[PDB]
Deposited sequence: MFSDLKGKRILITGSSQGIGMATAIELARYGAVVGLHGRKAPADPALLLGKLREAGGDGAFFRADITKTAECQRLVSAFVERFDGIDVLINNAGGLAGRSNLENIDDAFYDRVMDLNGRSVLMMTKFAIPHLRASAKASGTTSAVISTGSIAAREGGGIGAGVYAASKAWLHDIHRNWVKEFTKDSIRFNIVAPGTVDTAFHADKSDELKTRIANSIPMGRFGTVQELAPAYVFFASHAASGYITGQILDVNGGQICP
């Protein structure tokens, strides 16, 4: 992973959780990381301090990338600030609350797919020419990595149906992007967390516990590094303590 030194990595929803853990872990290899927050309260100085104290650098960016404009805003700021992108990590998403099918309306359906689908489509669309440029300059590969989900495979919980589907949406659009963009030397891969932090849900996990964010980050590092994963595209790595074994 020494190839990560100086690599410019924009990570959505990275102000907390899996995104922040990944940011820090990438920072240990000397990456330059664009941290980003939607609405969750946050402390940019603290967060960028951990990156720097870890051996890296970066900046903080704010955007409600449920909207397309917000998504081109984010990508723009990153690019002004660091003059390009080597790795895009689509990590922003989440439940947007739970509804049974019969209480789902347009608002809800749209909130979920904006947060999970549109965001990723547009975040990735705008990056592409910069991702292309950087692979062309390095003569290696640049990378996209998105956060998928166990729920992509087995339907998710009751009330999370549209969220679950949006992750399947993501798992499959990556496959499409492998066809369009492999000739641009851009890779696409997914990390699919299971349960990450009830005692019933644990029973269903062979390892008997929820994951920590620290346990999720290395898979992203792996997919981020051309040295490690240069012949790997179109894949999903499920990180779940055995909870599902596809």
Absent from the model, numbered along the deposited sequence, are 1, 199 to 209
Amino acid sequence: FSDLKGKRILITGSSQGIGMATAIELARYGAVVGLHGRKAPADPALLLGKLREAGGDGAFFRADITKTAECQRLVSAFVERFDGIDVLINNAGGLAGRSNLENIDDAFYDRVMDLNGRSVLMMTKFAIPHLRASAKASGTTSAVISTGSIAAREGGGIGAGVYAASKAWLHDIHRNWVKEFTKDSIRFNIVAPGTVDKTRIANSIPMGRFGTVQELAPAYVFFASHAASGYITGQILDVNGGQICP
From here on, numbers count along this sequence of modelled residues.
Going by the entry, of stretches 101 to 109 and 116 to 124 the one with greater average Cα B-factor is 101 to 109
The stretch carrying the higher mean Cα B factor in the deposited entry, 207 to 215 or 63 to 71, is 63 to 71
For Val196, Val191, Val221, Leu48, the deposited C-alpha B-factor is largest at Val196
Scanning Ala96, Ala164, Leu170, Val87 for peak Cα temperature factor in the entry gives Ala96
Binned into thirds over the chain's modelled residues, the C-alpha B-factor of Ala31 lands in the middle
In terms of its chain's C-alpha B-factors, the third that includes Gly241 is the middle
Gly148: C-alpha B-factor third of its chain, per the entry, is the lowest
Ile201: CA temperature factor from the record, placed by chain third, in the highest
Tertile call for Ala54 (CA temperature factor, within chain, third-based) is the middle
